[PDB]
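Two forms of the same protein chain are encoded below as C-alpha cells; each is given separately, as structure 1 and structure 2.
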Structure 1
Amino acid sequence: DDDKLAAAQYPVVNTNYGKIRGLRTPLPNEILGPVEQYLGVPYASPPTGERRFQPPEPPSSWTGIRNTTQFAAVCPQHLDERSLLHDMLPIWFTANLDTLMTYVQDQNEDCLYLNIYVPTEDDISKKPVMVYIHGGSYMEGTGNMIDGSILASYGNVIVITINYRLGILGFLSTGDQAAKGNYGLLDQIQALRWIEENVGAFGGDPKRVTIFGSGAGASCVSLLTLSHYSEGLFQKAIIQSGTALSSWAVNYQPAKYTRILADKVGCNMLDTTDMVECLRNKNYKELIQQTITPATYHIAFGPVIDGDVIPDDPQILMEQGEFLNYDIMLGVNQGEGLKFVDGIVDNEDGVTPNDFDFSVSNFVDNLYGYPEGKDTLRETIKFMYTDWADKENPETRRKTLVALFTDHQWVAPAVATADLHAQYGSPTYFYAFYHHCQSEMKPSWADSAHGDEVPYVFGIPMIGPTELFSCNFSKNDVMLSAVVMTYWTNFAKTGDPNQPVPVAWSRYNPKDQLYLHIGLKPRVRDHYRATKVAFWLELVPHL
C-alpha cells in the first residue's frame, strides 16, 4: 500500500471476481470499535430476462476497483396489507423498511447483493462469519434493513446480510418441470458459495460459518440444513422463531396459486411451458401487485418439495439425519401468536366463551381440515386450552388462545426439530425468550411476540438513541443485548454459547430437555411447555 491512510479509510479487498472498495465506519458507542462496511456486493448475475424463474448464476468479473459503499437495490416486493402473512410480521418490520431509501424507491429485479461488516479489531487468525437470512414471510424484507455493525464489532465476528429473490420471483412453481421453484433458496445457497470462496479475502474463516435467521428466514435456515446443496457451506445454524415444519414453511399447492396468478395477468394458456414463458416476460409490477390469498395459515408462494433442492417432506429429511452434521441453536418467544386474537379482545382485555369456541373451531378447519375424528379433535383442543381452575376469567381465556396458536405454530415444531436433531448426540441448544422492549403500539397484557428477540441479537440498544426500531430502550435492554450477543457469537466461535467469552446454557437432549429461559434473569429450566408439546406431537397425530 502506497497511500496508507486511504487504504485504511476506504479499504480494498480482492475477491475472485475483482477488487471492491468499502468504507471504514466508526460506531457512535464509545466502547465499540469501527467496522469495515462493504455494501452492495454482487454475489450472482442479475436474475433478469431469461434468468427470471431460473437458478442463479455466478456474477461477472470486472477490472479496476468497484465501489461497494452503499446499499444496492432491494428485491421487488408488495403484499396485501390485510394479508394474514402481512399481519404476522414483527411490530418493527414495516416502519423500519420505510426508513430505507433503497426500499422506498430502489426496488429492482437486479437485486442479488450482500452486505459485509468486518471488525477492525486486530487478532495478535481468521474470524468467524455469521450470515443472516431475513424474514418477511418469503414475500417482503431485505438484508439492508439490518445493520450488522454492532454485532460484528461487539462479537469480533464478520456479519453478512443477504438479499434473495422474494415472492413470485423467488418461489413461483408449477409443480412440474416448467418452473421448479425454490429460486430464493438457491440464491441463498449461491451467496453461501460466494462466501465460502471469498470471505478469506476479508479475513474470514470459511470453516467457521454460522447461518441464522428469524421468522421465514429461520424456515429458510431450517430448510438449508436439510438440503444436499448446502453441504460444506456452513457448520452451524441458529434458528429464531421459525421451522421447516410449520403450516406456512412449505407450499404444498404451488400449481393452484401460479394458475390464479396467470389468469389475473393475461397468461390464461393451459400449457405450463407457454404459461411460464408468458409470466417470464411480464412487467414485474404487474406480477407483484397481484393479491393471491392462500388458504388460512398457508402460503401462496414459497418453498416447495421439488425432489432435488428439497427432496422430500422436511420431517422425513430430519428423520433421515441430513441436519446432524450441523451444530444448532433454536428457540421461540413466549407469545409469538399475539395476532391470533386480533379483533376478539374487548376493552377489559378479555375474550368471551363464544369467541373462544369459534376461534378453536376455525383453527381446526384451517390446520387439520378433515382428518379421522375431527369432532373429537376440536373438543379435546377446547378442553386442553381451557383453564378449569378459573374458567370464567375472560383475560385468562385470551391468554390460552394466544398460547394455542403459539404452541401449535412455533413451540411444538421447534421442539420436534430439537428432538430430531439431538437424538444421537449432535450439539443442540434450545431457548425460550421472555423479554420485549417498551413499544406504545403493543398492548399492555402482551408477552414477548413474534420478532421481539431481533433487537437484542443485533445490539440495537447499544446504537445510541433510546427511541429506535419501534422501541424505547432501558439500561436493562442494553445488558440483555450484551448477554444475547455473547451467547450468539460464542456459539459462532466454538459451537458452545458458553465459550470462550464470559449463566451456563446447558445442551438440549430429548431426555432432560434443558433449555435457556432468556430474559432479565437468564436461567436454565427443563421440559418447556411439556404437556402441551406432548399433546401436539404425540396425542394429536392419533386423533
Structure 2
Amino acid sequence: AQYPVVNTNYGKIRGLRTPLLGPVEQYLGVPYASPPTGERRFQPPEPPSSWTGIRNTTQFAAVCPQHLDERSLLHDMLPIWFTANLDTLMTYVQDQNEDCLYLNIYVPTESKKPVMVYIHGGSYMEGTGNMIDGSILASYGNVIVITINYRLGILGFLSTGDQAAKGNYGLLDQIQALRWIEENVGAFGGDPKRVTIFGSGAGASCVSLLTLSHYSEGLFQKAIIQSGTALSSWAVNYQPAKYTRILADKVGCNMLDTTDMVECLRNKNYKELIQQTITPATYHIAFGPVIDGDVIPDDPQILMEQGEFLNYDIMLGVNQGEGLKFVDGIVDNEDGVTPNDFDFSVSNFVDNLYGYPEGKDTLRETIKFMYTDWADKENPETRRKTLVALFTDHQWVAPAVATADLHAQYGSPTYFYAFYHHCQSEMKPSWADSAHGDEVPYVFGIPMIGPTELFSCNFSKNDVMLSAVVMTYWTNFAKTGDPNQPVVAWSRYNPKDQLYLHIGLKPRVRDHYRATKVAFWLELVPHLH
C-alpha cells in the first residue's frame, strides 16, 4: 500500500504513499521520453524505452542543464521568489544531466480523475518542475497533479532560422509529456479527456504557445495561463540565428554552413555551452520559442487575431504589481521615487522597447503624463507605484487582456483574474504589492503546510483561506470548465462586459481591468508609429 506500483505502457513503476486531506501517492522521476542525448540533441523527443520488472520512481531524477549566475540571469523576467532565494534554489538544480526528460505524478488516495499538468519556467533558461510539490493541490482538489522537466535554454531552444536547427525542442518536450499522459494517466486513475495545462511566467507563455500549435490537438482541453502570454517582448525569440552564431563562435564552431555548425555544436560538451554569456537585447530572449512555421506556425499575434486555435476552456490573469523589479535601485529611504528618476526610468523604457528614432520625445512625454497621478502629483510613493504599474501594464496586463479578448471573441470560454494578494515576507520590500510569482504559493496550497525554504512567508489564517479559495477555483475549472462548478461567483469574460475576478482577501467581480491603460498600450501607442 506504502510503495504502490502502477503498470504503465512501458512497464511497472513503484512510487511512495505520502501523508500531509488524504495521503497522496507520489511517482517521482518518471521517464516520458528517450534521453535527448548524442544524435538526439537538437532533435525532437522520441518515446521512452520500455522495461521488464519494476522501476523505482521514488526520487527526483537529474534536472536539465542550466548555469545559474547573477549577470547571466534574466533578472527582470524571473519571479521574486526565485531571485530572492537563489542559494537555496541552486540546491534544486545542483544535480544536472542532459538526460532529464522526467515528470512527477501526484495522485490523491480517496471513476476517473481530472489531471492538472504544470509547466514551470521563469525565462526558458532555468528551473525544474520538482520545486513545486503537487501533493496539497492534488489532495485538496481530488485531482492528479503532474509536474514536468523539459529541455532548457540552449539545449531546449537553439535555432538557426533554417532547417539545420528548427528549435522549440523544449516545447516539443512538453508535447511529448502530454502524449505520455494521454496514453498512461488512465493507469493512475486519471481521465485523459480532462487534462488542464497550467503555468506561471515563461511557463504561462509556453501554455499560450501550445494552445496555438497543431501538435496540441487532443492532448488537453483547458488551460490556466498565470502571469504570462505569447505576446510579451520576452515570450518569443524573433532573432535566433544571431544568438546561435554568437554561441557557435564562442565555442569554436565558426563554420558558415548551418548544418555543419549544428553538428559541431552537437558534439560539444554541454557544460562548455551553458558557461557562455550570450546577453540579449533588454527585455528579450537569446534562446526561447521561435516561429518555425510548423510547431508555432506564425506570429502568435496574427494567429490569435485570425482565430487559428481550437476551443480550449481558458483561465488567465495577472498580479497587481508583477513589475516590481522595474524600480530596482531608485526607491529611497522613504519608499519614494524622485521626478528625475521617474523621467530617466520612462526614458530608458522608451529606448528599450520603442527604440525608433524619432517620435520618441512625444512618446516619452505621453507615457509620463499617462502614468502621473494628477490628483496627487507630488507624492513620491505614488510615483513609485505608477512606475511599477507602467511596466506591469506593458509586459503583463496589456497582452493578457489582448489574449483574453481574442479567445473570448472566437467563442472559447474565458475567465480573467487580477490577483491582489501576497504573503508577508522578507523576500521583497514591505511596500511592494503582489509581485511576479506571488500567486504560486496560493495555487499550490503552501499555507496549508507552512513556510518552506523557497516561500519563507509568515502565513496567517487568511492566507490559508485564500489558498483554499484559489485551489477551489482552479480545481473546479479543471473538473468542469467553470471555476464555480465542482460537477463568490466568477462571471465569464467576454469583450463586451469584460468581467473579471479581483482576487484578494475579499474577492469580487469587477469590469474592464485597467481599460484606459490597456487601451493606451494597445490602441494609442501603435498609432504614433
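When a residue number appears, read it as a position in the sequence of structure 1, where counting begins at 1. Rigid core (definition): largest C-alpha set, two forms, superposition within 1.5 Å.
Participant: I want to make sure I read this right: if the two forms are fitted on their rigid core, which of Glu196, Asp147, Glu322, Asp306 has a C-alpha displacement of 2 angstroms or more between structure 1 and structure 2?
Facilitator: Single hit from the list, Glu322.
Participant: Rigid core fitted, then: does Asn96 show a CA shift of 2 angstroms or greater between structure 1 and structure 2?
Facilitator: Where the cores coincide, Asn96 still shows a C-alpha shift between structure 1 and structure 2 that is 2 Å or more.
Participant: Please check if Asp87 moves between structure 1 and structure 2, taking a CA shift of 2 Å or more relative to the superposed core as movement.
Facilitator: Result for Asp87: yes, a 2 Å-plus shift.
Participant: When you overlay the rigid core, is the Cα of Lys207 off by 2 Å or more between structure 1 and structure 2?
Facilitator: For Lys207, whose C-alpha is compared between structure 1 and structure 2 after core superposition, the shift is less than 2 Å.
Participant: Any chance you could measure the C-alpha shift of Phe363 between structure 1 and structure 2 with the core superposed, in Å?
Facilitator: C-alpha displacement of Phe363 between structure 1 and structure 2: 1.0 Å.
Participant: Keeping the rigid core fixed, work out how far the Cα of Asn14 travels between structure 1 and structure 2, to one decimal in Å.
Facilitator: Looking at the C-alpha of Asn14 between structure 1 and structure 2, the offset is 0.9 Å.
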